């Protein structure tokens, strides 16, 4: 079983803005992927990074977040910073207050939460025509 | 020699019944007892 998994993934399938269109998640990444396969098992280690930039929605909302950003300092709760994954049918959640050793300082320009290694169960990964 | 050392320890871990295991030490007491003892055993035998 040759599992061909890229060593890094940087692309997006979907995107959302925050509730008040005040800030948004910035094109984050999956700087590295590692894995181990076995008959009847697969463990994938993903070490992603979550990035926040206080950019509001284009329009007067972008201008309003700029007035915020340039006239004060940031906030964001690391306990609620998280990555949720679904390998096929199996769901796992990882948080920044457990899997990130150093938190970014508060800032309105950018914050970066780098996760150490998220061990994800790929045995629930359902392949159709040998693709999942 | 490498293969035989792996019966005791594998830095890369082990596969059991097809599953990927989360341990390197294949001898139960070496897997356990991860903390150094504090008070030493008072002896003359390094094996004890």
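Methodologically, a virtual Cβ is constructed for each residue, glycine included, from the backbone with ideal geometry; neighbour enumeration extends over all protein chains shown. Nothing in this text is a laboratory measurement; each read-out follows from the coordinates by a stated rule.
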Percent of C-alpha pairs per 5 Å bin, chain A, short to long: 2, 9, 17, 19, 17, 13, 10, 7, 4, 2, 1, 0
Over chain B, equivalent-ellipsoid semi-axes from the Cα gyration tensor in Å: 28, 14, 7
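I need B:34, A:95 ordered by Cβ neighbour count within 10 Å, fewest first. Don't skip to the answer; put the middle values down first.
On the way: B:34 7, A:95 16.
Ranking B:34, A:95 by Cβ neighbours within 10 Å, fewest first, gives B:34, A:95.
What are the semi-axes of the equivalent ellipsoid of region A:1-72, taken as the square roots of 5 times the eigenvalues of the Cα gyration tensor, listed largest first and rounded to whole Å?
Values: eigenvalues 291, 24, 16 Å².
Ellipsoid semi-axes (Å, largest first): 38, 11, 9.
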Taking every residue of B:4-17, the Cβ atoms of other protein chains inside 10 Å of its Cβ average out to 1
If each residue's Cβ is checked for other Cβ atoms within 10 Å, how do A:121, A:109 rank with the fewest at the top? A:109, A:121
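Take A:12, A:62 and order them by how many other Cβ atoms sit within 10 Å, fewest up front.
Values: A:12 8, A:62 13.
Fewest-to-most ranking of A:12, A:62: A:12, A:62.
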